[PDB]
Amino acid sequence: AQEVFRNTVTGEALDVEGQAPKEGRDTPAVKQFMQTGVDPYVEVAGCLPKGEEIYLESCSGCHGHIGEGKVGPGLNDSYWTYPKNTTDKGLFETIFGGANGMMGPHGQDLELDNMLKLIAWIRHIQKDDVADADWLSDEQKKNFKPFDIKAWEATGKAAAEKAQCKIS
């Protein structure tokens, strides 16, 4: 059954159906996420360019173009202020409902399917060791390499763009 989503800092129920855009919910990826809390776009290369464009436009002014940190914290390291952000469910809740200070809610802004691609991008830009990563499966941990923006700009993004964004 359905996940119940709660505000990261308060525990108040997030009204996902009430607040999310009407469009972009009817995808296999969203249906699995709303049931499971696991984001099936994670480490699907095909979903990454779109996650990156969303990120750059709305998040990187504060969190940095590669998640390095600016006004707001780094998102590309092993350390989390709110440690349930090591799960896709927690990260979704932080993004959807917001946190303290200048971190406001973005639930109302992003179609659910796009939210999931954004989260895949955030996972992809990780550059610390992932052996303990709560958001990767056993096989994914075996294949995950620290993000290198140089490779991404040279070859990574081009190849991602030619691939399909679809779940397994």
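Don't overthink the numbering: it's just position in the shown sequence, from 1.
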property: Higher-B stretch (mean Cα B-factor, as the entry records it), 38-46 or 118-126; result: 38-46
property: 109-117 versus 131-139 - which carries the larger mean C-alpha B factor in the record; result: 131-139
property: Third assignment of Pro73 from its chain's C-alpha B-factors; result: middle
property: Third assignment of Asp26 from its chain's C-alpha B-factors; result: highest
